[PDB]
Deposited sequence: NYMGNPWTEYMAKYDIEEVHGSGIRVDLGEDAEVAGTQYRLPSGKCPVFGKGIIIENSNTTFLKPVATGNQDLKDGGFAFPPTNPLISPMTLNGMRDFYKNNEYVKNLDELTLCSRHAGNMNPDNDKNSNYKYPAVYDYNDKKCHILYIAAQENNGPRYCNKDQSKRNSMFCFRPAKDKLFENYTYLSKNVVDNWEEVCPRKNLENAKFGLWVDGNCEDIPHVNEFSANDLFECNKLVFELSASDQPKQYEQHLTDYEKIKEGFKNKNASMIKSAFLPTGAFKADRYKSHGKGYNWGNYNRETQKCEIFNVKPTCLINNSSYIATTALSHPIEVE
């Protein structure tokens, strides 16, 4: 199989290793009590938390419906923090100061106190928001990809510093996910067809069906994490087994729950 190295980043069980829609893949103790928390190794592009009721989840947590999920204002301001603020903050730490923006944001969040907070990096403002609340679905709320969340990036304490190399980001244009069989890339045999107006809607549906750690209930990255979008027939072909090759097909764009809902390569 000549695709093995190239397709490794799409083996989501291995490279991410946790829930995507809801990531609660590890446990940590804070003062004699066991809590679940995000533990996936890849960033989740376009993911945010919808609350319905009229205020962003990146608003600071209340000090409940008054506020959001994020760290409350501190002194000096640890959250939110700009990329350049973080680089200045850590400018004496050669192991941290040159990290990519997402890994930096993850490490920054994890530098607060066993149990390490997840984060969201917003590419719009170039700000890292440490999330005080690690819950992702229930205040009633749910995780989602939305046009408003497009530049948000949901980050666990475990985001690897080489995610650029080993994690999905972009959708693959003119390409269809497949299964390497006997020296040839074959179609995924069974797919679950969801109609979708565009790639974004397909990416949002794959995310909705993807690996989830909320209904000892961990997904470990298993689930409907992939979709082939036929842009001609407007079908989001969703499946739950890892792809092991690509088929060239101008009609398709290959997406994953982790991938950005818009960017193509």
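Participant: Could you list, start to end, the deposited-sequence stretches with no C-alpha atoms?
Facilitator: Missing from the model are residues 1-4, 57, 69-72, 123-129, 155-170, 248-285.
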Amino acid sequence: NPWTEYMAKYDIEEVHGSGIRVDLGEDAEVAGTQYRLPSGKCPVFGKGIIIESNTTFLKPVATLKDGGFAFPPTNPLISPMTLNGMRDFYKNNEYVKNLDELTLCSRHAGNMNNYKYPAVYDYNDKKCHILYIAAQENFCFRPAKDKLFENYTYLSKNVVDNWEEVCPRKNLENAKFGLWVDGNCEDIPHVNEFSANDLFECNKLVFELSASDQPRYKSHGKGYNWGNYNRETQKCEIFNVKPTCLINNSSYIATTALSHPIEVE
From here on, numbers count along this sequence of modelled residues.
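Participant: Name the higher of the two by mean Cα B-factor in the PDB entry, 224-232 versus 51-59.
Facilitator: Mean C-alpha B-factor is greater for 51-59.
Participant: Using only the Cα atoms and their B-factors as the entry lists them, report which of 83-91 and 167-175 averages higher.
Facilitator: Stretch with the greater average CA B-factor: 83-91.
Participant: Determine which member of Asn240, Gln34, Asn197, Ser212 has the highest CA B-factor, using the values in the deposited entry.
Facilitator: It is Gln34.
Participant: Which one, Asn151, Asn111, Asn158, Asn192, has the peak C-alpha temperature factor per the PDB entry?
Facilitator: Across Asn151, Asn111, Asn158, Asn192, the entry lists the biggest C-alpha B-factor for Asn111.
Participant: Place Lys204 in the lowest, middle or highest third of its chain's C-alpha B-factors, as listed in the PDB entry.
Facilitator: It belongs to the lowest third of the chain when residues are ordered by C-alpha B-factor.
Participant: Looking at the C-alpha B-factor of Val96, is it in the lowest, middle or highest third of its chain?
Facilitator: Within its chain, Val96 is a middle-third residue by C-alpha B-factor, going by the deposited values.
Participant: With respect to C-alpha B-factor, does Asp182 fall in the lowest, middle or highest third of the chain as deposited?
Facilitator: Ranked within chain, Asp182 CA B lands in the highest tercile.
Participant: Would you mind checking where the Cα B-factor of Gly68 ranks among the modelled residues of its chain, as the lowest, middle or highest third?
Facilitator: Highest third - that is where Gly68 ends up once the chain's C-alpha B-factors are sorted.
Participant: Within this chain, which third does the Cα B-factor at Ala144 fall in: lowest, middle or highest?
Facilitator: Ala144: CA B-factor falls in the lowest third of its chain.
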